[PDB]
Structures are given as structure tokens and as C-alpha cells.
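*Asks:* Have a look at the structure that comes next, please.
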RNA sequence: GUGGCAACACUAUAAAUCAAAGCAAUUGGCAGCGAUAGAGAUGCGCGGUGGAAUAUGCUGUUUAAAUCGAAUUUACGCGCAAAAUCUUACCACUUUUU
């Protein structure tokens, strides 16, 4: 999907710009960004940078809080919001 | 009561109940009763299943919901000649009108 426009994260970006009132990524490298970020859609992709952000993702029953680290940068956020069919 | 060596052989009614117990020709269901016809109907062949994996449907388990019916033949590639949201009726949350 890299061809002809590779990234979709608009509502996540609206919340990210809400976080970006003093620093998007600790420009003031990262300090965990204690204000929680709670998205309402997991179809979003993940953009480079975006590190140390507390993302709360919807599972259809709740919001799942997961801290992003360096490995999950080229992913789509719905991969981290399962339906918990453990057994 | 008569006969006998007897087993019993007679003769011999009833008390009491029931509303039918019966009979003959049928018309249908059986055959563990035969003769004539028809079906890969077999024994005659070929290729499958059941062995492996995938697809796909169903039960059962769990999950918040795994929406609901189809249930032995004739249910299980079934309603679905198509579910990424919508289709969608089920759940979590937030609202709406009686």
C-alpha cells in the first residue's frame, strides 16, 4: 500500500495534535507522555517517531492501554487490540 | 342316581355376570406360500471416502457476543449465488423517540 499514499491515521492524528500542546514527542528523547491517548479506531497505521505514547485502543468492549516502543513503528494499531480468545 | 377293578363313562342343571361373544363373502396390511415382468438390484468393472494437509460446514469448549434456524435417513460447500466497516439481527459504550 506504500504506492499512491501509504499512511492513514486521521483521528489518531487529531488526538496526537491534542497531545502536541507542549511537545509531540518530548521535544521539551522520550519520557512516556503520561497524558493517556485513547483512540476509538484501530484501522490506523503507525507513523515513524510516535514513540513513548500511551495508546488506549478499542477492542469492542473497552479501551486497551499499551505503551509503544521502537519495534512497533511499521505496524497498523489493530494488531494490538485482540478479542482475547486465549483458550 | 346307575356301571366298574378303576382311571372315571354317563344322566344333569344352574347359580352369577356381560352387551356383545359370533358367522359368510369380501376390500385393504402382512408371506417365514409360488409362477410371470422391471431396476450397475447385486456377484460383473471403474473411481472415490475413511490415511496426510488445506478449504469448507456441524457439534462441543470458552468468550462480552461467537446472532438465529436446518438435526437419522432427505442436516452438515444448509438458509449464505459470498461477513474487511456496511451486509447484521449479537455484544461493549454513548445518545435518541414513544
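Residue numbers (the UniProt record's numbering): 4 to 31, 36 to 94. Beta carbons: idealized from backbone N, C-alpha and C, even for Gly.
(1) Does DSSP classify residue 71 as helix, strand or coil?
(2) Is residue 88 closer than 7 Å to residue 49 when the C-beta atoms are compared?
(3) Hey, residue 28 and residue 56 are a contact pair by Cβ (cut 8 Å); roughly how many whole angstroms apart?
(4) In the DSSP output, which residue or residues are listed as bridge partners for residue 63?
(5) Whole angstroms are fine: how far does the CA of residue 59 sit from the CA of residue 86?
(6) What is the DSSP secondary structure of residue 20, counted as helix, strand or coil?
(7) Could you check if residue 64 is buried or exposed, using at least 16 other CB atoms within 10 Å of its CB as the buried criterion?
(8) Could you round the C-beta distance between residue 32 and residue 10 to whole angstroms and report it? I think they count as a contact, below 8 Å.
(9) Are residue 22 and residue 44 close, meaning C-beta to C-beta below 7 Å?
*Replies:* Reading off the structure:
(1) strand
(2) yes
(3) 5 Å
(4) 45, 72
(5) 18 Å
(6) helix
(7) buried
(8) Structure remark: the chain lacks residues between 31 and 36, so residue 32 is without coordinates.
(9) yes
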